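Reading the structure
Given next are the chains, with one letter for each unit.
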Amino acid sequence: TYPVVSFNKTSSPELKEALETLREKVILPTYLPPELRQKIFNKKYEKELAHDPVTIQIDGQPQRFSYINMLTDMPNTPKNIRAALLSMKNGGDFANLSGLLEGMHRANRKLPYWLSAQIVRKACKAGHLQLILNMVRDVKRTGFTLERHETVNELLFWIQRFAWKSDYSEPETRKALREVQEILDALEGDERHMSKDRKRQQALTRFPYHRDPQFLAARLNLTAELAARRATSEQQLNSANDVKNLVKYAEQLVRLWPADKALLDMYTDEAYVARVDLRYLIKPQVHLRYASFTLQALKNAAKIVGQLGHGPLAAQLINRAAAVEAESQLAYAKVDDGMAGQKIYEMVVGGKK
Amino acid sequence: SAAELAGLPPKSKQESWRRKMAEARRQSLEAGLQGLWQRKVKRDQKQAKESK
Amino acid sequence: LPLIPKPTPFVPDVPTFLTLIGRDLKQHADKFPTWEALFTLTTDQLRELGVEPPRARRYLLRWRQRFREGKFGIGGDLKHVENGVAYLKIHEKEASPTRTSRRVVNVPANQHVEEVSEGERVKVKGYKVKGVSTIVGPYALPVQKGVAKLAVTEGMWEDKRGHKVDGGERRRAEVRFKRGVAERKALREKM
Amino acid sequence: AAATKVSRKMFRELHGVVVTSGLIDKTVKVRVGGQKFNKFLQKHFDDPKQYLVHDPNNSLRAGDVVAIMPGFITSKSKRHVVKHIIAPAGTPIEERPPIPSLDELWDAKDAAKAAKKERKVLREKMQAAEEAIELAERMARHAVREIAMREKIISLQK
Amino acid sequence: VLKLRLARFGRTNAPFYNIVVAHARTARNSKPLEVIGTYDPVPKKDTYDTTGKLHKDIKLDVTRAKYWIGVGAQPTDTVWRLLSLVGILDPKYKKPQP
RNA sequence: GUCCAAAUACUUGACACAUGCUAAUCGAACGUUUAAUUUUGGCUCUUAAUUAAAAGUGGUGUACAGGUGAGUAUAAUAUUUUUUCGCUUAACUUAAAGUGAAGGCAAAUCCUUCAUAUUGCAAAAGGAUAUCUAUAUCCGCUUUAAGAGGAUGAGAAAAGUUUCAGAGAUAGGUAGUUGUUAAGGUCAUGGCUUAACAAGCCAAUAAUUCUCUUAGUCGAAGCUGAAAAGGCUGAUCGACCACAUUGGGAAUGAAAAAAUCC
RNA sequence: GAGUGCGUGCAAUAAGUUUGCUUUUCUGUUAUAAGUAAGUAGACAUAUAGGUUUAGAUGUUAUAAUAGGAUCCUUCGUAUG
Ligand SMILES: [K+]
Ligand SMILES: [Mg+2]
Ligand SMILES: [Mg+2]
Ligand SMILES: [Mg+2]
Ligand SMILES: [Mg+2]
Ligand SMILES: [Mg+2]
Ligand SMILES: [Mg+2]
Ligand SMILES: [Mg+2]
Ligand SMILES: [Mg+2]
Ligand SMILES: [Mg+2]
Ligand SMILES: [Mg+2]
Ligand SMILES: [Mg+2]
Ligand SMILES: [Mg+2]
Ligand SMILES: [Mg+2]
């Protein structure tokens, strides 16, 4: 069905070393039938393979497969992925994650739960957001499921940051708001993103990802940045239309989000205990990271909704913002000078720049 | 059925049909066994009566 | 005695009915002068008109009796049809603060789902929402995100007759073998 | 309840003559009478038959008249048992070992069979205990490792 | 699978049936396990009757058919229709009232 | 030799066969491809889907129905009567409990395997349709306890029954074969099984074995006689047996009971 | 002299097949070994981070014993002489 995994673009030589190792011993063997794949890892057939090694009609050229000691010759998949990941400083380099995670999905390699959040961080800080959303869209092949609650909170963060970087320009904001809805529709509709781990995290938070106030607040941010610009008939229709979605989403977030409850109190108190789910939020360095856009959203949202003549919502949204701002200010007094969280929050909410 | 001995209504359309067909087979077996039993008794008496 | 059912919006006239049920029954669309002649004519009368073979006459009488009982095929419960083309749309709701019930309803092409009243929106049977903006169901071609249409096609409601691939279970090896022989001869002749 | 008792049912008695004896232990060939009806000729023909009768105490000599009974299964080809001696041959009846009554022969089967079941229930229980010990012994080596490994982790959380 | 079905007999253009209890996968006219009764499709007319009514003669052993129905016998569509009239089973089909 | 209806119609070469047909079906098991349709991404190519066709993987059925009479010479672990019984994981009725977790193929209700299921061995599979401003049903799957059915175990015990083709030759056959003791096995009985002893058991008028010739067997099923345990036939009807060019064979399955398979 | 759908002996023999001092291989528990691959369990630390490190309780790999099923040879074995 799909083309065989291949890597033909590597800027540094160390990168190629990590990929060629996995490709020839962890990904390529999977393309063999169940019969032959059991011969490579057998000592009884070592003597035979040395004479007539196995071959496959890959792109015409016949491949080769000799004996491979399962205990010694096999490489360490986590380390190799980490080495390959750190050695990525080019567009063509990060384009290999689509093939890398594909082969790992074929090899049934249970990668670290936190790996998804790491790939989204390094790949997005270099300007390769589309290569990520392409994998999330092509989940049937790359296996880049949105399992972790952090991966969803890490991805939505960058989507908002890319738009915020250019002062929320209409051309990109219109495109950025499409990507957010592309995810919220995938978490609900698409079934590839549903797994046992996600069933546990949702049970602790009592909110499904597509109805989690932490994620919905991202959709309310970009929306609030569309009505602020305008509030030419074709363009005037979109502005008036966005005012309906704002009051619609703003009225939905207040319902789910309880009263006077900050980010660390939204979910149940039993979720912040386990480290395999919803514990990154405890560290102030990470809290300020996801508490900046969600905070600025409520402020900018409560403002517009106040101009339209909605008293209740104005007081409601300001209630949450005051609760998150107070909690956010606390974390700002404990974060170490130089950490990413202190810089992001200082640039977004503080507006220093 | 346990759901029938408790006096509960049928779950769906099919459950009601099965309840009726099962009873039709329950009453038919009773009237069949008893009906055929009287035939044998009435037949054995005639033979013994005449043979006597 | 012979009650006649009212024409529905999806099946307004006879040519539409005979087209849906397929089986090449649209030949005799002219035999029936009106809609009331289809459900009135008898077996013997249809035999005099020319409705043959008997398989087509007995098959038409079946879909005839099946129409009186409201046992329509697919897309028969539609109400908002325009020139044999319908339009489906998704109607979202809020069953709970964390769930959403989506139903494939039938509304005019121009009007929006929420704008239509409760009694005007009709839920079509056999069509569901797989996901959040995809309409799944037989003969549901997509028009937009969350919008599909139903075009009146031939054989839409027909009961497909079985066929044999290459003579069935008994005479199958014999058919394939001869076909192969002809191909090889042609290739040798061509070379 | 668990012991199966013989039928202890009485059957017909036949008068015959011991044709052979002393060839096989506790067995004699007795010749009894019969009559088979021919349906074509409408005539009865003598149809004598010779069976292998069970002699428990070897108290029968070839030539004496005896009374046998069927339904006493003792071997593959033996289905008759001696009831009593009609007319002895050679020596009087009082100079031969007594013929056990059918009750004595039936009781031997019940007792012999009952004791057989006693060995089964005993050998069965021993086989179960001899196997449950080997099965529970694995739990010891398997539980000691788990308890020794599970206690190591718990002790590191205090 | 025990079935209560009709074994067709008679001559050309003169059908006469035989209600029987036979195995499903067996010839239609093979010797069955039992013969519950007979059935004549062509309706008759009373001898000295000019009203125009018609009736159908059906001989059936109800007591024997009930036992077989109670042990899992599956009557065909036609035999089921007859048993419904007798009151042993419920109608499988009904005329739509609407 | 005018007409009508019903019923019969290769009795011979089981000789050779042109052509069309006699077993297929389920999309509410499953994905694969090709078409348009609508969405992505990057500037025709490339994602993710919907829909319809066309070949397939799976489940059940081709173990029923229908045809023929070549071969086939019989007393057999065959058959009724009464007493006592046993087995049955498919399908059909009644009900209960359980229907979770991975891997392999493109995918699966297909293969492989795990957890759980009185004590310990021993199972399963999912698919589909509604309701509300997740819940409840539907068609299946696994196991267990019964009824029914059964082609079932060598069932057994007692007393009976079975007109076994024609012609010729053959006096030995039987080796766990016959019995005893002990033990196992079995619902129970039986060298059924094993160990150690004993030399027995069946038959003598052919038990046993062999050659030749001929034949599907049977029924008030057909014909016939006043009648005989009548005679003859063995078409149409029903039951049984065998075979599917000839010869030699195995597996699957609850069960070979196939026009299958080698 | 010609023929033979018969019986039978020997040789030979495809499918199939008894047996095991035949040859390979898979699976199952049982007892060990390893923890470098896969995993599965922790213990510490880091922060545009997610590293270091030990561990075998299920499980993976290896050896041995043992049970079983597939392959090769063997035996029997149509045609054929
Ligand atoms: K013939
Ligand atoms: Mg005399
Ligand atoms: Mg057949
Ligand atoms: Mg015949
Ligand atoms: Mg399940
Ligand atoms: Mg008697
Ligand atoms: Mg023997
Ligand atoms: Mg013949
Ligand atoms: Mg014959
Ligand atoms: Mg030889
Ligand atoms: Mg040889
Ligand atoms: Mg390791
Ligand atoms: Mg040798
Ligand atoms: Mg030969």
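Above this text sits the structure in question.
Residues numbered from 1 in each chain as written, not as in the entry; some residues may be left out. Chains lettered and ligands numbered in written order. Part of a larger assembly, values for the part shown. Heavy atoms only, no water.

1. Brief notes about the overall build of chain E
- Helices and strands together make up the secondary structure of chain E, namely two helices and five strands.
- Listing every helix and strand of chain E by position from the N terminus yields β-β-β-β-β-α-α.
- Here the C-alpha coordinates of chain E stretch approximately 45 × 40 × 25 Å along the principal axes.
- Looking at the 98 residues of chain E, the share that counts as buried comes to 33%. (Helix = DSSP H or I, 4+ residues; strand = E, 2+ residues; numbered from the N terminus. Buried < 20%, exposed > 50% of the residue type's maximum accessible area, 1.4 Å probe, protein only.)

2. With respect to the overall build of chain B
- Helix and strand content of chain B: two helices and zero strands.
- Over its C-alpha atoms chain B spans a radius of gyration of 19 Å, topping by over 25% the 10 Å that the globule rule assigns to 52 residues.
- If one aligns the C-alpha atoms of chain B with their principal axes, the spans along those axes are about 60 × 20 × 10 Å.
- Across the 52 residues of chain B, 15% fall into the buried class.
- Entry remark: accessible area of chain B is about 4500 Å², with carbon and sulfur atoms responsible for 55%.
- Across chain B, the centroid of the 14 positively charged side chains sits 3 Å from that of the 6 negatively charged ones. (Rg over C-alpha atoms; globule rule 2.2 N^0.38 Å. Areas by Shrake-Rupley, 256 points an atom, 1.4 Å probe, with all protein chains shown as cover. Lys, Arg positive; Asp, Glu negative; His and termini not counted. Charge placed at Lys NZ, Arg CZ, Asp CG, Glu CD.)

3. A few points about the interface of chain B and chain E
- With 13 residues of chain B in contact, the opposing surface of chain E contributes 16 residues.
- Across the chain B to chain E interface the summed buried area is about 1200 Å²; carbon plus sulfur atoms make up 64%.
- Three residues, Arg25, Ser28 and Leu36 of chain B, lead the burial of chain B against chain E; their summed loss comes to 41% of the area buried on that side.
- Taken together, the links from chain B to chain E amount to one salt bridge.
- The partner of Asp61 of chain E in a salt bridge is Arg39 of chain B, with the nearest N and O atoms 2.7 Å apart.
- At the boundary of chain B and chain E, one finds four residue pairs in polar contact. (Contact = heavy atoms within 4.5 Å. Buried area = accessible area lost by both parts, 1.4 Å probe. Salt bridge = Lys/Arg side-chain N within 4 Å of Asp/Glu carboxyl O. Polar contact = N/O pair within 3.5 Å; in protein donor to acceptor, adjacent residues only side chain to side chain.)

4. Some words on the protein's contact with RNA strand G
- For RNA strand G, the set of nearby residues contains 39 residues, the closest of which are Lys43, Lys44, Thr77 and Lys122 of chain A together with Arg141 of chain D.
- Atoms of RNA strand G within 4 Å of the protein belong to the sugar or the phosphate in 67% of instances, the rest to bases.
- Interatomic distance of 2.9 Å between a side-chain N/O atom of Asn42 of chain A and a phosphate oxygen of RNA strand G.
- Here a phosphate oxygen of RNA strand G sits 2.6 Å away from a polar atom, N or O, in the main chain of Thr77 of chain A.
- Sorting the residues of the surface near RNA strand G by element identifies α4 (77–86), α7 (115–124), α10 (149–165) and α16 (284–290) of chain A together with α1 (102–154) of chain D as the ones contributing at least two each.
- No other element matches the seven residues that α1 of chain D contributes to the surface near RNA strand G. (Near = heavy atom within 4 Å.)

5. With respect to the sheet that holds strand β2 (residues 28–32) of chain D
Residues and elements named next belong to chain D.
- Strand order in the closed barrel formed by five strands is β1-β2-β5-β7-β6, and the pairing between neighbours is mixed. Across this sheet, the average inter-strand angle for adjacent strands is 55°, counted without regard to direction.
- In the sheet, strand β1 (residues 14–20) pairs with strand β6 (residues 65–70) via four bridges, with the strands oriented antiparallel. In the sheet register, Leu14 faces β6, and the bridge partner there is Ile68. (Pairing = 2+ DSSP bridges. Axes fitted to C-alpha atoms, helices over the stretch in contact; angles between N-to-C directions.)

6. Here's the deal with the protein's contact with RNA strand F
- Taken together, 94 residues surround RNA strand F, and among them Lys123, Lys128 and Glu169 of chain C together with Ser75 and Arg79 of chain D come closest.
- The contact atoms of RNA strand F, taken as those within 4 Å of the protein, divide so that sugar and phosphate hold 79%.
- Between a phosphate oxygen of RNA strand F and a side-chain N or O atom of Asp138 of chain A, the distance comes to 3.0 Å.
- For RNA strand F, a sugar or linking oxygen lies 2.7 Å from a polar atom in the backbone of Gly72 of chain E.

7. Here's the deal with a nonpolar patch on the surface
Residues and elements named next belong to chain A.
- Together, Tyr113, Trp114 and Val276 give the surface a local cluster of nonpolar side chains, amounting to about 250 Å² of exposed area.
- Along the chain, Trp114 turns up in the loop between α6 (97–106) and α7.
- With a relative accessible area of 38%, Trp114 lands in the partly exposed category. (Patch = residues over 30% accessible without salt bridge, like charges linked within 9 Å, V, L, I, M, F, W, Y side chains within 5 Å.)

8. Quick look at the nonpolar core
- Counting residues in each nonpolar core, the largest one holds 101 residues, and the members touching the most others are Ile119, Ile132, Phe144, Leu155, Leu156, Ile159 and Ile183 of chain A.
- Here this core takes nine residues from helix α13 (residues 213–227) of chain A, the largest share from any one element.
- Among all residues touching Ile159 of chain A, those that are not within four sequence positions of it are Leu129, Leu133, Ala176, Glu179, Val180 and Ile183 of chain A.
- If you look at the next biggest cluster of nonpolar residues, it comprises 36 residues, including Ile21, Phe67, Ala148 and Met156 of chain C. (Core = buried A, V, L, I, M, F, W, Y, C linked by side-chain atoms within 4.5 Å.)

9. Comments concerning the environment of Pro112 of chain A
Residues and elements named next belong to chain A.
- Tracing the backbone shows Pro112 in the loop between α6 and α7.
- With a relative accessible area of 26%, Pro112 lands in the partly exposed category.
- Counting along the chain gives 34 residues from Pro112 to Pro78, while the straight-line C-alpha distance between them is 7.9 Å.

10. Brief notes about the packing of aromatic side chains
- Under the defined criterion, the tally for this structure stands at 18 aromatic pairs over all chains.
- Cluster of aromatic residues (ring-pair linked, three or more members): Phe157, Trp158, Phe162, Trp164, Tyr280, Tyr290 and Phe293 of chain A.
- Positioned above the aromatic ring of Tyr249 of chain A is the side chain of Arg219 of chain A, whose terminal nitrogen or guanidinium carbon lies 4.2 Å from the ring centre.
- Taking the ring centre of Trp80 of chain E as reference, the NZ or CZ of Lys92 of chain E above it sits at 4.4 Å. (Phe/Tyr/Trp six-rings, centres within 6.5 Å; stacked < 30°, edge-to-face > 60°. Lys NZ or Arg CZ within 6 Å of the ring centre and 35° of its normal.)

11. A closer look at the arrangement of the chains
- Taking contact number as the criterion, the leading pair out of three pairs of chains in contact is chains B and E.
- Taking C-alpha atoms as the reference, chain D and chain E come no closer than 33 Å and do not contact one another.

12. Quick notes on unusual backbone geometry
- In this chain, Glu52 of chain C is followed by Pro53 of chain C through a cis amide linkage whose omega measures 0°.
- At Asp167 of chain A, a residue that is not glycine, the phi angle is positive and equals roughly 60°.
- Note that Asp167 of chain A resides in the loop between α10 and α11 (170–188).
- The phi torsion at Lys353 of chain A lies on the positive side, around 55°, for a residue other than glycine.
- Topologically, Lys353 of chain A is positioned in the segment after α19 (340–348).

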